[PDB]
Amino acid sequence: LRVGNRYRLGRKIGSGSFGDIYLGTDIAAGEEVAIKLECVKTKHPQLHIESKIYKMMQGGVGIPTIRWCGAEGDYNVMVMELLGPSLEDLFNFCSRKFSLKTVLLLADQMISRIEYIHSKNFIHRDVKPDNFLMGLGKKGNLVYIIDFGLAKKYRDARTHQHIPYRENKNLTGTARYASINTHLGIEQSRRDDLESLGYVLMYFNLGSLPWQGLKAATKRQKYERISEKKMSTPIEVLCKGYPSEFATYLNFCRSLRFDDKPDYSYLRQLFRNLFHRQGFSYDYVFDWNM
């Protein structure tokens, strides 16, 4: 089962919004890798675009290394540093219950990953548990961020001139975690990644969100029902029963102006001071490590 003379494939290990991911062997390097394949018959080619964004992100903490991109047989190919399980996988393994300590350990790192992407001029646009993966081996305690398939530039690399406040008619990424600005058809900016992470954190605390599992016939009526339930659930109701920092977080992100540089440090501190007041330490002992 070959991809040229370069890689052998072992098995399929995931399928994201486009293409498929295989665990494979990098023959030259003698190491396992994650190989993403997009069929060259695609009339909506995305992999090359995603590969360039991953190239631009290289070097950051918790960004997987891109090994090789090209075309082999019937596929466009992107080969990446192989990572461990996703937070969605780990959360389901933990029966959808994380300890406050694990939620805060994860928050600290997730905020930094998002910050890093923003430092490189992009909005992620698909912040969700499936898009954060733990490292392998000695890097088992480091949270990585993946899926740059929806990532879009928000400022000029030279000047830092922010994109104009403008409409965006698509609900692009996952509706469960989308920002209210996004539901209102406004272009996503740095605030919106952070608000989405707020919903991810509350999802980790609750096991599910109140707008999750609403049935509808059209895919646009499902989005409309999520949008309504999200807009009708105040942050204070959503976060009832958990430390106030979760609400403060969400309120801070909803209060950001479109072009505001978020105070990521403040947001990490909110959760860090909570974490220390609870008597935890940043030892990277997660719930799945016990």
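Numbers follow the displayed sequence, beginning with 1.
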Subject >> Which of 104-112 and 89-97 has higher mean CA B factor, as the PDB entry lists it >> reply: 89-97
**OP:** Using only the Cα atoms and their B-factors as the entry lists them, report which of 196-204 and 212-220 averages higher.
**Re:** 212-220
**OP:** Have a look at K240, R254, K36, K261 and flag the one whose Cα has the highest B-factor in the entry.
**Re:** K240
Original post:
Which of these has the highest Cα B-factor in the record: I27, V61, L250, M57?
Top reply: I27
Original post:
When the modelled residues of the chain are sorted by Cα temperature factor, does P129 land in the lowest, middle or highest third?
Top reply: lowest
**OP:** State the tercile, meaning the lowest, middle or highest third, of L267 with respect to the CA B-factors recorded for its chain.
**Re:** lowest
Original post:
Going by the entry, which third of its chain does the Cα temperature factor of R190 land in?
Top reply: lowest
**OP:** Consider only the C-alpha atoms of the modelled residues in this chain, order them by B-factor as the entry records it, and name the third containing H183: lowest, middle or highest.
**Re:** middle
Original post:
Hey, what third does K138 fall into on Cα B-factor, ranked over its chain?
Top reply: highest
